[PDB]
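Notes for the structure review
What follows is the residue order along each chain.
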Amino acid sequence: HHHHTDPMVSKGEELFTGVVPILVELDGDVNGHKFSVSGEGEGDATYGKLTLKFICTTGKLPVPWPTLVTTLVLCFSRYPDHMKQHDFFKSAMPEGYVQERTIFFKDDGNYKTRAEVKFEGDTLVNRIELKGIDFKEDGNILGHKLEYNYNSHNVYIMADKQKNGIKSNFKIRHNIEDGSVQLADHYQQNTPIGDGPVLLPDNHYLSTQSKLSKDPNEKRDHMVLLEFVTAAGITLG
């Protein structure tokens, strides 16, 4: 199914051959409201395709589900063949990487997140802690004014040579029920859990596309996610 002249690329592609099961577990605290989310599903890195069901395990979710989408596995991005030498995410597996973000909601609070992404047996696991502070009690977030939908985005990736990983920033657009949008500026860094070597990329970006839905038989608070992610920004011609 795969054939790449670089054995570091081959290693990454071999782990993400076929369909891989995905487990997600998050503990969060926003403005004093603690909550937990479990997620299960599958990724097909060949098509940069994810499908996941998330359940709030503490009851009702105290923030809008779309605010957690970026928090709740870029190792499933589809990198075009001519760009596979730039895929940090697969090259850090199976030991994994740490993903850390600060998400600034313009004119509102911020999310601080830390995640370990790694294999446990055959399963790709994403375990996350989230701290949210300085949110307005009647703002778009705690007021629950975001529409249940999602826009397409560009995630810019640059090497971080001294941390042996990558840094990233990007702006997320959350549609609001009145017509406006709520902006969420993401700062992000990923560093490998292992000590071995990784692929440090040239500058490039990921094109993301996401669709939100509901399991009509599900009475718990939940979100179903379909997500496509493709690396781009480097030319072959």
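Residues numbered from 1 in each chain as written, not as in the entry; some residues may be left out. Heavy atoms only, no water.

This brings us to the nonpolar core. A general feature of soluble globular proteins is that nonpolar side chains tend to end up buried together. Of all hydrophobic cores here, the largest spans 56 residues; its most connected members are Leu68, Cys75, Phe76, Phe89, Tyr111 and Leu124. Looking at this core, the element that brings in the most residues is strand 1 (residues 20–30), giving 5 residues. Ignoring anything within four residues of it in the chain, the contact list for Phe89 reads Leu74, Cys75, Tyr79, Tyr97, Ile157, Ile166, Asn190 and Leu206. (Core = buried A, V, L, I, M, F, W, Y, C linked by side-chain atoms within 4.5 Å. Buried < 20%, exposed > 50% of the residue type's maximum accessible area, 1.4 Å probe, protein only. Helix = DSSP H or I, 4+ residues; strand = E, 2+ residues; numbered from the N terminus. Contact = heavy atoms within 4.5 Å.)

This part takes up the side chain of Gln188. Its location among the elements puts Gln188 in strand 9 (residues 181–192). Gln188 gets classed as buried once you look at its relative accessible area, which sits at 3%. Excluding residues that lie within four positions of it along the chain, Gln188 makes contacts with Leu74, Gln99, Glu100, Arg101, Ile166, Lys167, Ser168 and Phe170.

The subject of this paragraph is the pattern of salt bridges. According to the stated counting rule, one finds 10 salt bridges in the structure shown. Between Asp87 and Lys90 there is a salt bridge, with the nearest N and O atoms lying 2.9 Å from each other. What makes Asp87 buried here is its relative accessible area of 1%. In this structure, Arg114 and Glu116 form a salt bridge, with 4.0 Å as the shortest nitrogen-oxygen distance. By relative accessible area, which is 27% here, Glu116 ends up partly exposed. Three or more residues are tied together by salt bridges with common partners; here these are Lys53, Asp215, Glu218 and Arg220. (Salt bridge = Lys/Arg side-chain N within 4 Å of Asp/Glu carboxyl O.)

In the structure shown here, the tally under the stated rule is 10 aromatic pairs. Note on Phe88 and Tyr97: the rings are 5.8 Å apart at their centroids and 45 degrees apart in plane angle, and the pair reads as tilted. Given the relative accessible area of 0%, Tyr97 is considered buried. Between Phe104 and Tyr187 the ring centres are 5.9 Å apart and the planes differ by 80 degrees, which places this aromatic pair in the edge-to-face class. Taken as a pair, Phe104 in strand 4 (residues 97–105) and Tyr187 in strand 9 lie far apart in primary sequence, 83 residues in all. Note on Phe104: relative accessible area 39%, which makes it partly exposed. One aromatic cluster is present, built from ring pairs that chain together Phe16, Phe76 and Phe119. Over the ring of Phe16 we find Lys90, and its NZ or CZ is 5.5 Å from the ring centre. (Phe/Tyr/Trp six-rings, centres within 6.5 Å; stacked < 30°, edge-to-face > 60°. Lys NZ or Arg CZ within 6 Å of the ring centre and 35° of its normal.)

To continue, consider the environment of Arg127. One can find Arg127 in strand 6 (residues 123–133). A relative accessible area of 51% means that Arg127 is categorised as exposed. Each C-alpha atom of the pair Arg127 and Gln162 lies 25 Å from the other, and the pair is 35 residues apart in sequence.

Pairing is mixed around the closed barrel formed by 11 strands, whose spatial order is 1-2-3-11-10-7-8-9-4-5-6. Direction aside, the axes of adjacent strands within the sheet are offset by 20 degrees on average. Bridge analysis of strand 7 (residues 153–160) against strand 8 (residues 165–175) gives 5 bridges, and the strand direction is antiparallel. If you follow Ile157 over to strand 8, its bridge partner there is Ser168. (Pairing = 2+ DSSP bridges. Axes fitted to C-alpha atoms, helices over the stretch in contact; angles between N-to-C directions.)

Moving on, we come to the environment of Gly41. Take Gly41: it is sitting in strand 2 (residues 33–44). We classify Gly41 as partly exposed; its relative accessible area is 21%. Separated by 31 residues in sequence, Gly41 and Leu72 place their C-alpha atoms 12 Å apart. The contact partners of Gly41, leaving out residues within four places of it in the chain, are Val20, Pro21, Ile22, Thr51 and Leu52.

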